[PDB]
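Given next, in structure tokens, is a single chain: the form deposited in one PDB entry.
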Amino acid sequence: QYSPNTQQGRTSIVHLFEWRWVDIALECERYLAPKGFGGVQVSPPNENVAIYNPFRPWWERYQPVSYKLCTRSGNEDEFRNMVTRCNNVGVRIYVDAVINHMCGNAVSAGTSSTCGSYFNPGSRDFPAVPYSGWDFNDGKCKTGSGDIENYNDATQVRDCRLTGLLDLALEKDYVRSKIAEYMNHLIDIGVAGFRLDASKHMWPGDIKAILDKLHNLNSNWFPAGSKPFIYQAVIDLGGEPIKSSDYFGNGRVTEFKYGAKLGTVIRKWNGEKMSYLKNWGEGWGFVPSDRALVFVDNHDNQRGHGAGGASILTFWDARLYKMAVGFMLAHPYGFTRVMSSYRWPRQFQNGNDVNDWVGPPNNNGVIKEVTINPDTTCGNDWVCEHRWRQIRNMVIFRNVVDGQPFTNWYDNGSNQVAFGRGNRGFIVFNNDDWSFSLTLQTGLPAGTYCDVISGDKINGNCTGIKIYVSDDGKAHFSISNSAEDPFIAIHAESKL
């Protein structure tokens, strides 16, 4: 189950949030492949309801109308074209599968859908699938509102509507078959796996029944007998009757405590300090590394929503963000996902962002293409964190040190720490309010290494800082507390 199915050597996937299929295909060939990224998580590719109030929010894509591959990101031809082009270059595609529900019960009937399909939430008729009132949990849910009201009741969380979203009867073989039909369509096209949206709201057993009906991965790109990579979106911060471990039988699970706690530590809140990261991992109560999908932020919580709370680090806090992502990519715990977002007119009022609903850059609803600037950055309001030198070079760092043990740990008892990965990589952080100047044991072969955070190695040259490792593995590091990027990283492949 639990294998990402990426090409040997590639260790991360990127979430190209709300990107168009055609732009992802180009990105795979011009950037992702040559830069060593393992794969891409795409936004839901199935038809959703077009919500005009507010104007085309990002969350309308989490309200299915049918399973036709027709959305603002593109049609089926473009989707197939993207998967093929990306697979041919060694970059995998993972689909965000919204299978727990359909749209909001209070949405008006009609054809306000991304593909014009007709649907009637009131009568619970989605003829494009087709689903009828007999395919929902209206009869199971026993709350007054028909919605989930108490999260300390596991049954309610599974059988009632998540915020009014029509809850599918996943125990019915008919429903399981329709969903499996959709997922097999994607698998045969070439997708390598799925993010199972709202997994906490589904019974582990139903998810299993659906996975039993799936084909093996397309034999043109994957070894025979390959199984799709499955990671279930379960928000478990502890304290609930539902535990992420209840889903280990189906695949990996998203570890939301990861970004929440790392954000608190980097921000140095709640008395937390970087020296405490010495036992980062299961030691902090996270799920086993072999079942974890980790990230600093995701599409939901970077908007202040979702759970980690106010500790979540985002591209808005660029300096601290790069450090957190840098630490995640260097640490052996779990399988890493990098976020790639778009900017929106954030407007707080009483601590809340009233524009947290805003969708991707657009011209009257039409998603704007991702343009690339001369300096390799993106235009049209796409942030492209995956193109930031500090992030992109750490994605490569993880590939280079893959398999190496966590060793040579150092800390000053405060917020200055360093550690290596075998004899293939070393990284140093300074998050204290004073300079860091020290000679440390790196465990690396003697030589001149390019610091990949401040620069790049380009044919025997470094465009940034150079680190000198002596015959005994010692190297001196200097990091001002007022430095742009208060951390340095070198590895086997940045050596001159």
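All residue numbers are counted from 1 along the displayed sequence.
A second form of this protein, the form deposited with a small molecule bound, is not displayed here; the remarks below concern that form.
A.B. asks: Of these, 81, 112, 216, 408, which has a heavy atom no more than 4.5 Å from the small molecule in the deposited bound form?
C.D. replies: Of 81, 112, 216, 408, the residue with a heavy atom within 4.5 Å of the small molecule in the deposited bound form is 81.
A.B. asks: Exactly one of 118, 344, 248, 222 has a non-hydrogen atom within 4.5 Å of the small molecule in the deposited bound form; which residue is it?
C.D. replies: The residue from 118, 344, 248, 222 that makes the contact is 248.
A.B. asks: If contact means any heavy atom within 4.5 Å, which of 180-188, 395-403, 81-89, 417-425 contacts the small molecule in the deposited bound form?
C.D. replies: Of the options, only 81-89 has residues within 4.5 Å of the partner.
A.B. asks: Looking at the partner-bound form in the deposited bound form, is residue 335 within 4.5 Å of the small molecule by any heavy atom?
C.D. replies: Contact with the small molecule, no.
A.B. asks: Please tell me whether any heavy atom belonging to residue 483 falls inside 4.5 Å of a heavy atom of the small molecule, as the geometry stands in the deposited bound form.
C.D. replies: Output for residue 483 is no: heavy atoms all beyond 4.5 Å of the small molecule.
A.B. asks: Applying a 4.5 Å heavy atom distance criterion, does residue 257 contact the small molecule in the deposited bound form?
C.D. replies: Within the cut-off, so yes.
A.B. asks: Determine whether any heavy atom of residue 144 comes within 4.5 Å of a heavy atom of the small molecule in the deposited bound form, and answer yes or no.
C.D. replies: No, residue 144 sits far enough from the small molecule in the deposited bound form that none of its heavy atoms falls within 4.5 Å.
A.B. asks: The small molecule is absent from this chain, but in the deposited bound form, do 20, 236 and 244 each have a non-hydrogen atom within 4.5 Å of it?
C.D. replies: Yes.
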